[PDB]
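Listing of structure11.txt, compact mmCIF, C-alpha atoms
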```txt
# COMPACT_ATOMS: atom_id res chain seq x y z
CA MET A 1 -3.58 4.54 -11.59
CA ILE A 2 -6.54 2.53 -12.67
CA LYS A 3 -9.75 3.63 -14.52
CA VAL A 4 -12.73 3.98 -12.21
CA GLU A 5 -16.10 5.08 -13.49
CA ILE A 6 -19.15 5.92 -11.34
CA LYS A 7 -22.28 5.85 -13.68
CA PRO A 8 -25.30 8.03 -12.33
CA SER A 9 -27.09 4.84 -11.28
CA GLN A 10 -24.25 4.20 -8.73
CA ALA A 11 -24.36 7.74 -7.06
CA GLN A 12 -25.98 6.56 -3.87
CA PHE A 13 -24.23 4.33 -1.45
CA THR A 14 -25.53 0.99 0.03
CA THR A 15 -25.59 -0.23 3.62
CA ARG A 16 -24.57 -3.28 5.70
CA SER A 17 -25.02 -2.23 9.45
CA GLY A 18 -23.47 -3.70 12.93
CA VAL A 19 -21.66 -4.21 16.45
CA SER A 20 -18.54 -5.24 18.49
CA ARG A 21 -17.47 -4.91 22.12
CA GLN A 22 -15.05 -2.24 23.65
CA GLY A 23 -16.30 0.42 21.26
CA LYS A 24 -16.42 -1.35 17.86
CA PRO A 25 -19.68 -1.08 15.73
CA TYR A 26 -19.52 -2.36 12.17
CA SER A 27 -22.42 -0.31 10.53
CA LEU A 28 -20.96 -0.38 6.96
CA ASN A 29 -21.78 1.69 3.84
CA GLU A 30 -20.60 0.79 0.34
CA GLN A 31 -20.84 2.40 -3.13
CA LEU A 32 -20.13 0.78 -6.50
CA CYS A 33 -17.86 1.53 -9.42
CA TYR A 34 -16.88 0.01 -12.77
CA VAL A 35 -13.11 -0.61 -12.76
CA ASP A 36 -11.31 -1.33 -15.94
CA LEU A 37 -8.64 -3.72 -14.99
CA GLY A 38 -6.68 -3.49 -18.32
CA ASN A 39 -9.29 -5.63 -20.15
CA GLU A 40 -11.79 -4.05 -22.86
CA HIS A 41 -14.37 -4.92 -20.15
CA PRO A 42 -15.46 -3.21 -16.83
CA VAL A 43 -15.69 -4.76 -13.37
CA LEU A 44 -18.22 -3.82 -10.68
CA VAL A 45 -15.99 -3.26 -7.65
CA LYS A 46 -17.13 -1.95 -4.34
CA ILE A 47 -15.90 1.15 -2.48
CA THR A 48 -16.08 1.19 1.31
CA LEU A 49 -16.69 4.60 2.67
CA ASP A 50 -15.23 5.68 6.01
CA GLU A 51 -17.20 7.68 8.50
CA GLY A 52 -18.17 11.30 7.53
CA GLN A 53 -16.63 10.83 4.07
CA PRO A 54 -19.34 10.43 1.34
CA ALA A 55 -20.49 8.77 -1.90
CA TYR A 56 -18.63 10.05 -4.98
CA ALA A 57 -20.56 12.09 -7.56
CA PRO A 58 -20.99 10.30 -11.02
CA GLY A 59 -17.93 10.55 -13.28
CA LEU A 60 -14.37 9.42 -14.07
CA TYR A 61 -11.87 8.79 -11.30
CA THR A 62 -8.38 7.29 -10.98
CA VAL A 63 -7.34 5.11 -8.06
CA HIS A 64 -5.28 7.17 -5.75
CA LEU A 65 -2.09 5.66 -4.32
CA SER A 66 -3.09 6.12 -0.66
CA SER A 67 -5.62 3.42 -1.47
CA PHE A 68 -2.62 1.01 -1.04
CA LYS A 69 -0.95 -0.06 2.19
CA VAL A 70 1.72 -2.39 3.61
CA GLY A 71 0.34 -5.09 5.85
CA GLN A 72 1.41 -7.28 8.67
CA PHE A 73 3.73 -9.85 7.09
CA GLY A 74 4.95 -7.14 4.56
CA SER A 75 2.44 -7.60 1.67
CA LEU A 76 1.17 -4.45 -0.21
CA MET A 77 -2.62 -4.08 -0.31
CA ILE A 78 -5.82 -2.29 -1.37
CA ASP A 79 -6.80 -1.10 2.11
CA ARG A 80 -9.67 1.04 0.78
CA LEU A 81 -10.66 2.36 -2.62
CA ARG A 82 -9.42 5.92 -2.84
CA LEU A 83 -10.50 8.08 -5.85
CA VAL A 84 -9.51 11.26 -7.55
CA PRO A 85 -10.58 13.30 -10.42
CA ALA A 86 -7.07 13.46 -11.97
CA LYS A 87 -7.06 14.16 -15.74
CA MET B 1 2.51 4.23 -12.22
CA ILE B 2 2.93 1.85 -9.15
CA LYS B 3 6.56 2.64 -9.60
CA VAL B 4 8.71 -0.44 -8.46
CA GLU B 5 12.40 -1.18 -8.29
CA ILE B 6 14.70 -4.04 -7.46
CA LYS B 7 18.24 -2.90 -6.52
CA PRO B 8 21.33 -5.26 -6.88
CA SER B 9 21.17 -6.30 -3.17
CA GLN B 10 17.49 -7.18 -3.55
CA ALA B 11 17.80 -9.32 -6.77
CA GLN B 12 17.05 -12.63 -5.09
CA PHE B 13 14.65 -14.50 -2.79
CA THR B 14 14.39 -16.36 0.65
CA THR B 15 12.49 -19.55 1.00
CA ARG B 16 10.11 -20.05 3.98
CA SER B 17 8.67 -23.57 4.37
CA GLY B 18 6.60 -25.50 6.92
CA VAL B 19 3.01 -26.58 7.31
CA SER B 20 -0.40 -25.09 6.80
CA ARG B 21 -3.09 -25.64 9.54
CA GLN B 22 -5.10 -27.79 7.00
CA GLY B 23 -1.84 -29.86 7.22
CA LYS B 24 -0.71 -28.92 3.77
CA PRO B 25 2.91 -28.23 2.62
CA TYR B 26 4.27 -24.77 1.79
CA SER B 27 7.54 -23.62 0.26
CA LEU B 28 7.13 -19.93 -0.44
CA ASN B 29 9.83 -17.66 -1.99
CA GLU B 30 9.85 -14.08 -1.11
CA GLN B 31 11.75 -11.08 -2.53
CA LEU B 32 11.98 -7.38 -1.52
CA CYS B 33 11.50 -4.47 -3.77
CA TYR B 34 11.03 -0.75 -3.19
CA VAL B 35 7.56 0.51 -4.03
CA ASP B 36 6.66 4.18 -4.68
CA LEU B 37 3.27 4.58 -3.24
CA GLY B 38 3.87 8.31 -2.91
CA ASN B 39 4.60 9.17 0.78
CA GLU B 40 8.02 11.06 0.57
CA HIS B 41 10.19 7.98 0.69
CA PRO B 42 10.27 4.46 -0.81
CA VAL B 43 8.35 1.84 1.12
CA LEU B 44 9.89 -1.61 1.24
CA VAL B 45 7.61 -4.52 -0.01
CA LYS B 46 7.63 -8.33 -0.14
CA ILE B 47 7.01 -10.13 -3.52
CA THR B 48 5.81 -13.75 -2.89
CA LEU B 49 6.89 -15.83 -5.91
CA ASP B 50 4.95 -18.38 -7.85
CA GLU B 51 6.08 -22.04 -8.19
CA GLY B 52 9.11 -22.36 -10.51
CA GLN B 53 9.28 -18.43 -10.80
CA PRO B 54 12.82 -16.89 -10.74
CA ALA B 55 13.27 -13.89 -8.53
CA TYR B 56 13.23 -10.69 -10.67
CA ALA B 57 16.47 -9.13 -11.75
CA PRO B 58 17.75 -5.57 -10.94
CA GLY B 59 15.97 -2.64 -12.29
CA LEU B 60 13.18 -0.36 -12.84
CA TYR B 61 9.72 -1.93 -12.91
CA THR B 62 6.05 -1.09 -12.82
CA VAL B 63 3.17 -3.25 -11.35
CA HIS B 64 1.08 -5.15 -13.97
CA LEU B 65 -2.76 -5.11 -13.63
CA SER B 66 -2.87 -8.99 -13.47
CA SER B 67 -1.93 -8.42 -9.87
CA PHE B 68 -5.51 -7.28 -8.96
CA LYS B 69 -8.42 -9.70 -8.57
CA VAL B 70 -12.12 -9.26 -7.57
CA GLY B 71 -14.48 -11.56 -5.72
CA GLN B 72 -17.40 -11.78 -3.20
CA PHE B 73 -19.29 -8.45 -3.03
CA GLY B 74 -17.22 -6.85 -5.81
CA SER B 75 -14.16 -6.87 -3.59
CA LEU B 76 -10.90 -5.84 -5.20
CA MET B 77 -7.69 -7.46 -3.69
CA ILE B 78 -4.09 -7.73 -4.99
CA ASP B 79 -3.72 -11.41 -5.78
CA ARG B 80 0.02 -11.91 -6.58
CA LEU B 81 2.18 -8.73 -7.34
CA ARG B 82 3.29 -9.31 -10.93
CA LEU B 83 5.79 -6.73 -11.97
CA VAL B 84 6.68 -6.03 -15.63
CA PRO B 85 9.58 -3.89 -17.00
CA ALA B 86 9.60 -0.14 -17.33
CA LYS B 87 9.18 1.35 -20.80
```

Could you express the structure from this file as structure tokens?
Amino acid sequence: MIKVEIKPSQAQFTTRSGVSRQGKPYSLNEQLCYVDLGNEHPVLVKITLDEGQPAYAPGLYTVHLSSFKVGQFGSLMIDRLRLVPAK
Amino acid sequence: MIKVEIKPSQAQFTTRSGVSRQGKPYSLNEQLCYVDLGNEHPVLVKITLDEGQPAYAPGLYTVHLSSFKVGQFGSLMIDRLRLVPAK
């Protein structure tokens, strides 16, 4: 439950394409947000979109708890930025 | 909130120590807490503790935003999980 803002400027996503072996292409797409991390000042964080799921419209979003995950040696983590209209 | 709690049996830490592959010394203390990330039940999570830092004491907690950093391409990561008391 973090403030995320997408300003109109940020509405289109941004690419970083690619490939690995057995069936593993890295052809990455990213969109950007301003995240207020407590501070009076916003941070440009990046959102990595997963296949078939799209760039968020402009507006105000909260970070959704499924955005967090528990890793290999038991640490909690942002796996991917997950947003909701929630307010 | 990222709802967190340390029960009586969890109010303490374990030390793991050995050596880093840049041949550097570690002596890391770890503690378990229950995190409510949604799901239907409490997921168990590992707080790594800072040098000096006493293991937190039983109770209700919430995650403090100082736990989230940003680097490289606007990449958000949890740095340390710093919990503060509930309200």

Give me the residues near range 54-62 of chain B as a PyMOL selection string, where near means some atom within 9 Å (using all atoms listed in the file) and where sequence neighbours in that chain fewer than 5 positions away do not count. chain B and resi 1-13+29-31+47+49+82-87

Export of prior selection with C-alpha atoms as a PDB file, in the coordinates of the input:
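Once everything was written out, this is again37.pdb:
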```pdb
ATOM      1  CA  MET B   1       2.510   4.230 -12.220  1.00  0.00           C
ATOM      2  CA  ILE B   2       2.930   1.850  -9.150  1.00  0.00           C
ATOM      3  CA  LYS B   3       6.560   2.640  -9.600  1.00  0.00           C
ATOM      4  CA  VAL B   4       8.710  -0.440  -8.460  1.00  0.00           C
ATOM      5  CA  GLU B   5      12.400  -1.180  -8.290  1.00  0.00           C
ATOM      6  CA  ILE B   6      14.700  -4.040  -7.460  1.00  0.00           C
ATOM      7  CA  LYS B   7      18.240  -2.900  -6.520  1.00  0.00           C
ATOM      8  CA  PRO B   8      21.330  -5.260  -6.880  1.00  0.00           C
ATOM      9  CA  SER B   9      21.170  -6.300  -3.170  1.00  0.00           C
ATOM     10  CA  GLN B  10      17.490  -7.180  -3.550  1.00  0.00           C
ATOM     11  CA  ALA B  11      17.800  -9.320  -6.770  1.00  0.00           C
ATOM     12  CA  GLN B  12      17.050 -12.630  -5.090  1.00  0.00           C
ATOM     13  CA  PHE B  13      14.650 -14.500  -2.790  1.00  0.00           C
ATOM     14  CA  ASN B  29       9.830 -17.660  -1.990  1.00  0.00           C
ATOM     15  CA  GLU B  30       9.850 -14.080  -1.110  1.00  0.00           C
ATOM     16  CA  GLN B  31      11.750 -11.080  -2.530  1.00  0.00           C
ATOM     17  CA  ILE B  47       7.010 -10.130  -3.520  1.00  0.00           C
ATOM     18  CA  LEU B  49       6.890 -15.830  -5.910  1.00  0.00           C
ATOM     19  CA  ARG B  82       3.290  -9.310 -10.930  1.00  0.00           C
ATOM     20  CA  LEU B  83       5.790  -6.730 -11.970  1.00  0.00           C
ATOM     21  CA  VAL B  84       6.680  -6.030 -15.630  1.00  0.00           C
ATOM     22  CA  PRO B  85       9.580  -3.890 -17.000  1.00  0.00           C
ATOM     23  CA  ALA B  86       9.600  -0.140 -17.330  1.00  0.00           C
ATOM     24  CA  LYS B  87       9.180   1.350 -20.800  1.00  0.00           C
TER      25      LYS B  87
END
```

If chain A is superposed onto chain B by least squares over all C-alpha atoms in order, the resulting RMSD is 1.9 Å

Can you pull out the residues contacting residue 17 in chain A? Cut-off 8 Å, using only C-alpha atoms, and skip same-chain residues under 3 positions away; I want them as a PyMOL selection string. chain A and resi 26-29

Residues of chain A within 6 Å of chain B: nearest atom pair and distance (Å, one decimal) for each, counting only C-alpha atoms, sorted by chain and number, as a tab-separated table?
```
residue	atom	partner	partner_atom	distance
A:44	CA	B:74	CA	5.8
A:45	CA	B:74	CA	4.2
A:46	CA	B:74	CA	5.1
A:65	CA	B:37	CA	5.6
A:74	CA	B:46	CA	5.5
A:75	CA	B:46	CA	5.5
A:78	CA	B:77	CA	6.0
```

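The spacing separating CA of residue 19 in chain B from CA of residue 34 in chain B amounts to 29.0 Å.
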
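Rounded to one decimal, CA of residue 16 in chain B and CA of residue 51 in chain B lie 13.0 Å from each other.
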
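CA of residue 15 in chain B lies 11.7 Å from CA of residue 50 in chain B.
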
Could you add the missing atoms to range 37-56 of chain B, up to N, CA and C atoms, and return them as a CSV table (one decimal), in the coordinates of the input?
```csv
chain,number,residue,atom,x,y,z
B,37,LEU,N,4.7,4.4,-3.6
B,37,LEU,CA,3.3,4.6,-3.2
B,37,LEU,C,3.0,6.0,-2.9
B,38,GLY,N,3.8,6.9,-3.4
B,38,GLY,CA,3.9,8.3,-2.9
B,38,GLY,C,4.7,8.4,-1.6
B,39,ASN,N,4.0,8.8,-0.5
B,39,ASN,CA,4.6,9.2,0.8
B,39,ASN,C,5.8,10.2,0.5
B,40,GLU,N,6.9,10.3,1.2
B,40,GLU,CA,8.0,11.1,0.6
B,40,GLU,C,9.1,10.1,0.2
B,41,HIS,N,9.2,9.0,1.0
B,41,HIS,CA,10.2,8.0,0.7
B,41,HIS,C,9.7,6.6,0.3
B,42,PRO,N,10.5,5.8,-0.4
B,42,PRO,CA,10.3,4.5,-0.8
B,42,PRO,C,9.9,3.5,0.3
B,43,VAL,N,8.7,2.9,0.1
B,43,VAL,CA,8.4,1.8,1.1
B,43,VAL,C,8.9,0.5,0.6
B,44,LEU,N,9.4,-0.3,1.5
B,44,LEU,CA,9.9,-1.6,1.2
B,44,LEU,C,8.8,-2.7,1.2
B,45,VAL,N,8.7,-3.6,0.2
B,45,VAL,CA,7.6,-4.5,0.0
B,45,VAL,C,8.1,-5.9,-0.4
B,46,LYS,N,7.3,-6.9,0.0
B,46,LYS,CA,7.6,-8.3,-0.1
B,46,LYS,C,7.0,-9.1,-1.3
B,47,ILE,N,7.6,-9.3,-2.5
B,47,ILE,CA,7.0,-10.1,-3.5
B,47,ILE,C,7.1,-11.6,-3.2
B,48,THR,N,5.9,-12.3,-3.0
B,48,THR,CA,5.8,-13.8,-2.9
B,48,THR,C,6.0,-14.3,-4.3
B,49,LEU,N,6.7,-15.4,-4.6
B,49,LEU,CA,6.9,-15.8,-5.9
B,49,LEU,C,6.2,-17.2,-6.1
B,50,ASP,N,5.6,-17.2,-7.3
B,50,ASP,CA,5.0,-18.4,-7.8
B,50,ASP,C,5.8,-19.6,-8.0
B,51,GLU,N,5.2,-20.8,-8.1
B,51,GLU,CA,6.1,-22.0,-8.2
B,51,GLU,C,7.0,-22.1,-9.4
B,52,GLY,N,8.2,-22.6,-9.4
B,52,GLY,CA,9.1,-22.4,-10.5
B,52,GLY,C,9.6,-20.9,-10.6
B,53,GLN,N,8.8,-19.8,-10.7
B,53,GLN,CA,9.3,-18.4,-10.8
B,53,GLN,C,10.6,-17.8,-10.2
B,54,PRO,N,11.6,-17.5,-11.1
B,54,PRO,CA,12.8,-16.9,-10.7
B,54,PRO,C,12.6,-15.5,-10.3
B,55,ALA,N,13.3,-15.2,-9.2
B,55,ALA,CA,13.3,-13.9,-8.5
B,55,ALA,C,13.5,-12.8,-9.6
B,56,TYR,N,12.9,-11.6,-9.6
B,56,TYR,CA,13.2,-10.7,-10.7
B,56,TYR,C,14.6,-10.1,-10.5
```
